[PDB]
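Engineer: I'd like to ask some things about the structure below.
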2 protein chains.
Amino acid sequence: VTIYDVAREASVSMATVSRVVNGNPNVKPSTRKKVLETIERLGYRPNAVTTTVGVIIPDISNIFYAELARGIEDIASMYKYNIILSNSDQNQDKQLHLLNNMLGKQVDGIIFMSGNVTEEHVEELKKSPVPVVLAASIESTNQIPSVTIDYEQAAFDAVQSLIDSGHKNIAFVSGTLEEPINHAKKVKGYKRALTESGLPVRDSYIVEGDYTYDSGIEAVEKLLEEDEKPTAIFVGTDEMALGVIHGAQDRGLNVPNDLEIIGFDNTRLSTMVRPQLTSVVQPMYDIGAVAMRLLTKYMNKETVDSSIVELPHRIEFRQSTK
Amino acid sequence: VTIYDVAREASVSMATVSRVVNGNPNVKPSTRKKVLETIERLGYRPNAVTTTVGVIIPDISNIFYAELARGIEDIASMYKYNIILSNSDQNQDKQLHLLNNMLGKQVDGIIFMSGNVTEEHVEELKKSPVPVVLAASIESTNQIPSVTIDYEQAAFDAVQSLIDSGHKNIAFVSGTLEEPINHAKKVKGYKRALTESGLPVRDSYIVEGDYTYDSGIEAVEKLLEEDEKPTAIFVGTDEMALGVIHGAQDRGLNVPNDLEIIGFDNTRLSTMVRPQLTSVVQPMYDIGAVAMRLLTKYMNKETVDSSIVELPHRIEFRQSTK
Ligand SMILES: [Ca+2]
Ligand SMILES: [Ca+2]
């Protein structure tokens, strides 16, 4: 809290705040009153008389960003570090500004979270003086410290449970393939699970959605038009999965009996469909906590050993698998 | 764009910006460079050389707030008025500040939108010098200009289609009853539709949810425990309706065949369940447009005649009714 903070708050100039502070007798009584109340309310002391991290995540409101922020928050409380958090609505030329907004507010470190981490973001993360560590976000470049689950393995495990259940024809509905989470991790996890059981990797069992429910609807439809129809489908995110489920249901198919579906992220939506969606669970609270610790390690100039941290994931088996 | 705007943007004082503007020769070249670029980028002219409205709505992102903002926006473009829009996440002691943030940025008028309009908000809306008009929001007090649908009638019409379909035992799952939209409008609409067909108004057919999906689940469950089970249910919002649908489905009941359900607001969610949700549609784009016109009328000191404007609603009949 400084003169500047009082001025903004009292809709007045720094020089006026100083004037009031100095007991200048020609300040309009009302403005003097206004700024003294501001001075008191903010706790501004007129006598010259710590470590914070900036956090950027898509939105405050989303439940799975919310246990990440708590994980971040709880480490901050213990460590006596303050949090500056900003809800971004993750977009390219608006998460970048919210990044440099942290740098211009004297943060000692940055925790960053975005679904699509651009190559452009990395070139500005390296120039950033303070250390930064990604939470539940991956850049295939692997220069920037990251703490996440093992997306490839989680993909593998999801498709594995389909395989273990007797399915030979198993499809994958992806978010945009250009993103590493998809082409570098989930696609490959899905592929590996197939090849390891001597199953066929068909290009036409990999359909690309756009993360919307509808693209999910379109994806099952396209899959159901295939010669040998898939009898199970892994879906890269929950929102698409509901679309996958409902399009199947619209085509007269039963989930799980005619078609088994598995999702990802264990969002609120996974329990807002019938059958409820089997979905890969990330430990968002832990990812936040560990991110905060990893960030601290760098900030404290400590030898990290391993900059890419991978936490266990699990699968909440619900009714969309049998 | 003023000296102040350049200063904030160039992370520098007004006096420094003036110094650079005046060609003061002892300003550090780099800071002179920094502020000249800021001056150019913002379009600041150093020579002394219109009507805007503030808009407060829960969030930018939500599709049904998004055709309201477009309706607002399109009237603004025509009228050559600029929009200052703020996403609130509608809460009591945070929508109030975002209201006075408009007043402190010299807006000529305010369009306000919130699910729960508090009595406290009205006492601060009257003191506000510039005129304000509520969009898709109601204060039972009816002092403050409002443009909305006819909630009572829309409720009536929803329950009417159940009645017309042969249902005698019809329940209502409400959002919190304390809010006028519910107790003063939808409850009464629901009641009227019953009494007008000589049907019974049972206290136990009115259950109170909290706008969550889950409270919806709990509400059907409680309804299904009744002696004479309702065979149709009106639900005050879509989110609760999905909960209502799924709890019925979980109890082995078919929607629409064992239980007909109707929702409200025609949110994205209404088409993200099976059966798709029959739901009252508001014309959000029109409510925004008309709100903007009504606001203009007041701002132009024009004789309004009728401060409470009610627009037609309709019902998107989907599969949750037969
Ligand atoms: Ca087709
Ligand atoms: Ca019970």
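As shown in the structure tokens, the chain order sets the letters A, B, ...; within each chain, residues go from 1, and ligands are also counted from 1 in the order they appear.
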May I have the residues of chain A within 10 Å of chain B, counting only C-alpha atoms, written as a VMD selection string?

Structural biologist: chain A and resid 11 13 to 14 60 to 61 89 104 213 to 214 239 242 to 243 245 to 247 249 to 250 268 to 269 271 to 276

Engineer: May I have the selected residues written with N, CA and C atoms, as an mmCIF file, in the first residue's frame?

Structural biologist:
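Contents of the output file part.cif:
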data_model
loop_
_atom_site.group_PDB
_atom_site.id
_atom_site.type_symbol
_atom_site.label_atom_id
_atom_site.label_comp_id
_atom_site.auth_asym_id
_atom_site.auth_seq_id
_atom_site.Cartn_x
_atom_site.Cartn_y
_atom_site.Cartn_z
ATOM 1 N N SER A 11 -9.395 8.599 -6.082
ATOM 2 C CA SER A 11 -9.633 9.317 -7.351
ATOM 3 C C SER A 11 -9.060 10.731 -7.306
ATOM 4 N N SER A 13 -4.736 12.801 -7.280
ATOM 5 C CA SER A 13 -3.317 12.671 -7.649
ATOM 6 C C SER A 13 -2.420 12.300 -6.446
ATOM 7 N N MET A 14 -1.273 11.660 -6.725
ATOM 8 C CA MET A 14 -0.232 11.415 -5.699
ATOM 9 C C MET A 14 0.093 12.711 -4.958
ATOM 10 N N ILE A 60 -11.151 -18.921 -12.725
ATOM 11 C CA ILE A 60 -11.366 -19.196 -11.302
ATOM 12 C C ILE A 60 -12.421 -20.294 -11.102
ATOM 13 N N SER A 61 -13.547 -20.136 -11.809
ATOM 14 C CA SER A 61 -14.788 -20.871 -11.554
ATOM 15 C C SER A 61 -14.719 -22.377 -11.817
ATOM 16 N N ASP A 89 -9.069 -16.904 -19.307
ATOM 17 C CA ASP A 89 -9.917 -17.406 -20.402
ATOM 18 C C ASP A 89 -9.004 -17.863 -21.545
ATOM 19 N N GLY A 104 5.354 -6.949 -14.445
ATOM 20 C CA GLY A 104 5.219 -5.524 -14.130
ATOM 21 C C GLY A 104 4.603 -5.220 -12.772
ATOM 22 N N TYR A 213 -18.721 -30.269 -27.335
ATOM 23 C CA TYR A 213 -19.687 -31.350 -27.277
ATOM 24 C C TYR A 213 -20.092 -31.790 -28.678
ATOM 25 N N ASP A 214 -20.397 -30.824 -29.534
ATOM 26 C CA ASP A 214 -20.912 -31.112 -30.869
ATOM 27 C C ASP A 214 -19.904 -31.871 -31.714
ATOM 28 N N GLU A 239 -15.853 -33.145 -22.312
ATOM 29 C CA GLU A 239 -16.911 -32.482 -23.041
ATOM 30 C C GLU A 239 -17.234 -33.181 -24.344
ATOM 31 N N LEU A 242 -19.348 -36.553 -23.892
ATOM 32 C CA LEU A 242 -20.778 -36.489 -23.732
ATOM 33 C C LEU A 242 -21.374 -36.497 -25.122
ATOM 34 N N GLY A 243 -20.767 -35.719 -26.010
ATOM 35 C CA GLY A 243 -21.154 -35.707 -27.412
ATOM 36 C C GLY A 243 -21.035 -37.092 -28.011
ATOM 37 N N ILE A 245 -21.119 -40.030 -26.366
ATOM 38 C CA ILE A 245 -22.186 -40.826 -25.751
ATOM 39 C C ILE A 245 -23.549 -40.561 -26.407
ATOM 40 N N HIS A 246 -23.913 -39.289 -26.529
ATOM 41 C CA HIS A 246 -25.249 -38.943 -26.988
ATOM 42 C C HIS A 246 -25.493 -39.253 -28.450
ATOM 43 N N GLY A 247 -24.477 -39.054 -29.282
ATOM 44 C CA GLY A 247 -24.580 -39.430 -30.685
ATOM 45 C C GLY A 247 -24.767 -40.926 -30.849
ATOM 46 N N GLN A 249 -26.125 -42.835 -28.492
ATOM 47 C CA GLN A 249 -27.496 -42.976 -28.007
ATOM 48 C C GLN A 249 -28.494 -42.543 -29.041
ATOM 49 N N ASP A 250 -28.201 -41.465 -29.767
ATOM 50 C CA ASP A 250 -29.093 -41.039 -30.853
ATOM 51 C C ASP A 250 -29.143 -42.049 -31.994
ATOM 52 N N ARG A 268 -16.820 -31.890 -14.044
ATOM 53 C CA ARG A 268 -18.184 -31.974 -13.516
ATOM 54 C C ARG A 268 -19.099 -32.672 -14.518
ATOM 55 N N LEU A 269 -18.781 -32.527 -15.805
ATOM 56 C CA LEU A 269 -19.641 -33.024 -16.862
ATOM 57 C C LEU A 269 -19.693 -34.549 -16.841
ATOM 58 N N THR A 271 -20.081 -36.617 -14.552
ATOM 59 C CA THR A 271 -21.180 -37.118 -13.766
ATOM 60 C C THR A 271 -22.498 -36.432 -14.123
ATOM 61 N N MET A 272 -22.501 -35.675 -15.215
ATOM 62 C CA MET A 272 -23.723 -35.008 -15.696
ATOM 63 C C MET A 272 -24.205 -35.574 -17.034
ATOM 64 N N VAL A 273 -23.930 -36.857 -17.252
ATOM 65 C CA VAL A 273 -24.456 -37.662 -18.356
ATOM 66 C C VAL A 273 -24.900 -39.003 -17.820
ATOM 67 N N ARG A 274 -25.746 -39.681 -18.586
ATOM 68 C CA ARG A 274 -26.073 -41.061 -18.301
ATOM 69 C C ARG A 274 -25.861 -41.913 -19.554
ATOM 70 N N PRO A 275 -25.074 -42.987 -19.431
ATOM 71 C CA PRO A 275 -24.379 -43.424 -18.217
ATOM 72 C C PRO A 275 -23.278 -42.451 -17.810
ATOM 73 N N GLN A 276 -23.002 -42.354 -16.514
ATOM 74 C CA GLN A 276 -21.926 -41.498 -16.056
ATOM 75 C C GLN A 276 -20.633 -41.939 -16.734
#

Engineer: Mind the document's chain letters and residue numbers, and return as a PyMOL selection string the residues of region 14-174 of chain B that DSSP labels helix (DSSP H, G or I).

Structural biologist: chain B and resi 14-21+29-42+68-79+92-103+119-125+151-164

Engineer: For ligand 1, list the contacting residues at 9 Å or closer, counting only C-alpha atoms and all ligand atoms, as a list in words.

Structural biologist: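 The residues near ligand 1 are residues 218, 221, 222 and 225 of chain A.
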
Engineer: Export N, CA and C atoms of the chosen residues as an mmCIF file, in the first residue's frame?

Structural biologist:
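Output file part-v2.cif follows:
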data_model
loop_
_atom_site.group_PDB
_atom_site.id
_atom_site.type_symbol
_atom_site.label_atom_id
_atom_site.label_comp_id
_atom_site.auth_asym_id
_atom_site.auth_seq_id
_atom_site.Cartn_x
_atom_site.Cartn_y
_atom_site.Cartn_z
ATOM 1 N N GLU A 218 -20.296 -35.304 -33.753
ATOM 2 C CA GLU A 218 -19.908 -35.531 -35.145
ATOM 3 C C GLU A 218 -18.911 -36.669 -35.232
ATOM 4 N N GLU A 221 -20.565 -40.107 -34.901
ATOM 5 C CA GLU A 221 -21.284 -40.323 -36.124
ATOM 6 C C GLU A 221 -20.319 -40.817 -37.206
ATOM 7 N N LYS A 222 -19.167 -40.158 -37.350
ATOM 8 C CA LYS A 222 -18.227 -40.541 -38.396
ATOM 9 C C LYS A 222 -17.687 -41.937 -38.114
ATOM 10 N N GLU A 225 -19.974 -44.776 -39.048
ATOM 11 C CA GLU A 225 -20.121 -44.937 -40.487
ATOM 12 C C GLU A 225 -19.039 -45.832 -41.068
#

Engineer: List the spatial neighbours of region 194-199 of chain A as a list in words - criterion: any atom at most 8 Å away, only C-alpha atoms, same-chain residues fewer than 4 positions off excluded.

Structural biologist: residues 159, 163, 168 and 190 of chain A

Engineer: May I ask for the distance between CA of residue 281 (chain B) and CA of residue 266 (chain B), given in Å to one decimal place?

Structural biologist: 5.1 Å

Engineer: Within 12 Å of residue 70 (chain A), counting only C-alpha atoms, which residues qualify if same-chain residues fewer than 4 places away don't, as a ChimeraX atom specification?

Structural biologist: /A:55,60,63-66,74-77,83,85,283-292

Engineer: Excluding residue 42 (chain B) and any residue of its chain fewer than 4 positions from it, enumerate the residues within 8 Å of it, using only C-alpha atoms, and give them as a VMD selection string.

Structural biologist: chain B and resid 1 6 38

Engineer: Restricted to N, CA and C atoms, what would the selected residues look like written as a PDB file, in the first residue's frame?

Structural biologist:
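This is the output file result15.pdb:
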ATOM      1  N   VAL B   1      -7.790   8.764 -24.467  1.00  0.00           N
ATOM      2  CA  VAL B   1      -6.327   8.583 -24.259  1.00  0.00           C
ATOM      3  C   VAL B   1      -5.721   9.888 -23.744  1.00  0.00           C
ATOM      4  N   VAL B   6      -0.996   7.118 -20.797  1.00  0.00           N
ATOM      5  CA  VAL B   6       0.330   6.899 -21.341  1.00  0.00           C
ATOM      6  C   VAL B   6       1.269   6.501 -20.215  1.00  0.00           C
ATOM      7  N   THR B  38       4.887   4.518 -26.573  1.00  0.00           N
ATOM      8  CA  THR B  38       3.616   4.438 -25.885  1.00  0.00           C
ATOM      9  C   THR B  38       2.684   5.514 -26.449  1.00  0.00           C
TER      10      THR B  38
END

Engineer: Can you tell me which residues surround residue 43 (chain A) at a distance of at most 12 Å, considering only C-alpha atoms, apart from same-chain residues fewer than 3 positions away, and format the answer as a ChimeraX atom specification?

Structural biologist: /A:1-3,5-6,35-40,46-47

Engineer: Could you save those same residues with C-alpha atoms as an mmCIF file, in the first residue's frame?

Structural biologist:
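So the final result, stored in again_2.cif, reads:
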data_model
loop_
_atom_site.group_PDB
_atom_site.id
_atom_site.type_symbol
_atom_site.label_atom_id
_atom_site.label_comp_id
_atom_site.auth_asym_id
_atom_site.auth_seq_id
_atom_site.Cartn_x
_atom_site.Cartn_y
_atom_site.Cartn_z
ATOM 1 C CA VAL A 1 0.000 0.000 0.000
ATOM 2 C CA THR A 2 1.581 3.276 -1.150
ATOM 3 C CA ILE A 3 0.727 6.879 -2.033
ATOM 4 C CA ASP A 5 -2.566 3.060 -4.191
ATOM 5 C CA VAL A 6 -4.305 5.719 -2.104
ATOM 6 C CA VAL A 35 -8.292 10.701 1.259
ATOM 7 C CA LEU A 36 -7.974 10.317 5.042
ATOM 8 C CA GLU A 37 -10.703 7.669 4.897
ATOM 9 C CA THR A 38 -8.825 6.062 2.013
ATOM 10 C CA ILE A 39 -5.587 6.275 4.020
ATOM 11 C CA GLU A 40 -7.274 4.605 6.997
ATOM 12 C CA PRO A 46 2.905 8.014 5.895
ATOM 13 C CA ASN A 47 6.194 6.805 7.436
#

Engineer: For residue 137 (chain B), find every residue with an atom within 8 Å (counting only C-alpha atoms), except residues of its own chain fewer than 6 positions away, and show them as an MDAnalysis selection string.

Structural biologist: chainID B and resid 112:117 146:148

Engineer: Figure out the distance between CA of residue 84 (chain A) and CA of residue 51 (chain A), please, to one decimal in Å.

Structural biologist: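 Going from CA of residue 51 (chain A) over to CA of residue 84 (chain A), I get 11.0 Å.
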
Engineer: List every residue of region 161-289 of chain A that DSSP, applied to the backbone of this structure, places in strand (DSSP E), and write the result as a PyMOL selection string.

Structural biologist: chain A and resi 170-174+206-208+232-235+260-264+278-281

Engineer: Could the residues in this selection be written to a file with C-alpha atoms, as a tab-separated table (two decimals), in the first residue's frame?

Structural biologist:
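What landed in part_20.tsv:
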chain	number	residue	atom	x	y	z
A	170	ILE	CA	-11.17	-49.17	-30.36
A	171	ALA	CA	-11.27	-45.59	-31.54
A	172	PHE	CA	-9.88	-42.30	-30.29
A	173	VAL	CA	-11.72	-38.98	-30.48
A	174	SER	CA	-9.11	-36.27	-30.11
A	206	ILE	CA	-8.60	-41.35	-34.94
A	207	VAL	CA	-11.04	-38.52	-35.46
A	208	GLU	CA	-10.26	-34.93	-34.56
A	232	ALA	CA	-15.21	-48.73	-27.73
A	233	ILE	CA	-14.01	-45.14	-27.86
A	234	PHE	CA	-11.44	-43.21	-25.91
A	235	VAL	CA	-12.15	-39.48	-25.85
A	260	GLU	CA	-17.96	-48.38	-24.29
A	261	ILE	CA	-16.68	-44.86	-23.86
A	262	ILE	CA	-13.94	-43.40	-21.65
A	263	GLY	CA	-13.17	-39.71	-21.14
A	264	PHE	CA	-10.53	-37.57	-19.50
A	278	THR	CA	-15.58	-43.26	-16.93
A	279	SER	CA	-12.80	-40.69	-16.95
A	280	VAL	CA	-9.11	-40.25	-16.21
A	281	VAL	CA	-8.66	-38.27	-13.02

Engineer: Which residue, B:223, B:304, B:122, B:241, has the smallest gap to ligand 2 when you use only C-alpha atoms and all ligand atoms?

Structural biologist: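 Comparing B:223, B:304, B:122, B:241 against ligand 2, the winner is B:223.
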
Engineer: So how many Å separate CA of residue 297 (chain B) and CA of residue 150 (chain B), to one decimal?

Structural biologist: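 Taking CA of residue 297 (chain B) as the start and CA of residue 150 (chain B) as the end point, the length is 21.7 Å.
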
Engineer: Looking at A:139, A:226, A:179, A:124, which one is nearest to residue 308 (chain A), with distances taken over only C-alpha atoms?

Structural biologist: A:139
